[PDB]
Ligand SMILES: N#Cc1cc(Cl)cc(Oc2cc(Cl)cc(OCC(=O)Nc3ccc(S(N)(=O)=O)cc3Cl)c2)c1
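Shown below, as structure tokens, is a lone chain in the form deposited without the named molecule; questions about how it binds or moves come after it.
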């Protein structure tokens, strides 16, 4: 039937008119499917025959419905979508099985012909004109598939339709993805079935049928890409492409399946694979796998060959997130309540900043996990982290930004997160003092880096194709190279000071990485700043040196 719910008023964007687009050639198979669909829709008033008073058209097609021998009618409304008003999407996220609680009784219902059961605004119907070619012209009186307004209008209409049932039945849980309903209740199987009949009769009153073919009554329930057993849930199998020559399209498919997988498979890593896509120009381009990517992919394959499940949420217990470090700024995590029973898993790998270290990355991973936990369970978890309370305290003292981790507890699973070197707060007695500088010429791109020391040493290196900042960093690198285990360095560069003060252990800059090697090898470093070009200290001397 067609829902007697009120329509949602819809307008075109000002000054725009309906689309006028020739219809495509289609196969005879698609023509037969379309006419079988359209004869029946026209009988039911879901579509209306139109005449020459309607000067609009949009091309149509069909595709096999993904898990059936039935067809789906779709319209290429790209022009109409360009010309249709804006909506506010009401679907804010995707429900996750790890957020479901234990229920006595569970049902899964699909609404039959979901969009085609929800009326479309009268005034707008005329712009939905289409043509079924020969071997007939129509307009939609219901929501079409391919129009940008149909998801939001459907999701909102379904919410309105279910509100009276929810008000009457507060303690029956209805997870509502588009027309999928997961219905859970704390009733015996008998009273539950009775309430599900009440719900199907309520939906049918509002024009929505629930065909038995998609009425799931017994576990395991197929829902949202998952298998829901009574006390555990799993993912429907992941199949990774197994090719020999890889293209950017294949790689994106692999990385997408692996990301999807990482929600219940622990240990998934996609860094080297994702790095393959760096300089690409098109989806068709072929990329040879690096040895690193090859080996990472084999590891992921081994991980996926293993049987794994999640569990459901008990509100009367704490949420615990546990984090493990992989290399290259890659982290996995596991959220659980009881020791070896994961609610879910995850990975964080985002590279934030030219220069960083593992304490910053771990703080970002904590933040991500906290926001994700708020979305799924509505509260924050307690943390198990591989970082000493002492390490964290040191960082949080020395660091100039506000930073904070919620309730947490050390875990002794290597690799532990550490700070790899610490700058002194006070200058070092008996360490030689290097005054460093760099200058670069903006026209020719030639530069000098250099130092002068208080014990008489002076060195200048010349550089090609360089910049001011790079010569400052290069001078600091030269001083680290040519000093002993303890060294005072004086710089005029806010740039370099800010970088090194923040204690990076990784950088996209080769030069900063070389500096970091040096700073980890040293025993004590002290980095002081003076303002440039004020005739201060040995800064004047090394400045006169590196200008020429």
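Numbering follows the first chain given and starts at 1.
What follows is about the form solved in complex with the named molecule, which we do not show.
Asks: Quick one: from 125, 271, 384, 103, grab the residue that has a heavy atom within 4.5 Å of the named molecule in the bound PDB entry.
Replies: In short, 103.
Asks: Counting non-hydrogen atoms within 4.5 angstroms of the named molecule in the bound PDB entry, say which of 449, 228, 343, 369 makes the cut.
Replies: When the named molecule is considered in the bound PDB entry, the option within 4.5 Å is 228.
Asks: Quick check on residue 405: any heavy atom within 4.5 Å of the named molecule in the bound PDB entry?
Replies: Contact with the named molecule, no.
Asks: How about residue 173: is it within 4.5 Å of the named molecule in the bound PDB entry, going by heavy atoms?
Replies: Yes, residue 173 is a contact residue.
Asks: So, in the bound PDB entry, is residue 219 in contact with the named molecule at a 4.5 angstroms heavy atom limit?
Replies: Yes.
Asks: Can you check whether residue 184 is within 4.5 Å of the named molecule in the bound PDB entry, heavy atom basis?
Replies: Yes, residue 184 sits close enough to the named molecule in the bound PDB entry that at least one of its heavy atoms falls within 4.5 Å.
Asks: Heavy atoms, 4.5 Å, the named molecule in the bound PDB entry: which of 173-181, 237-245, 409-417, 346-354 makes the cut? Say which one.
Replies: Partner-contacting stretch among the options: 173-181.
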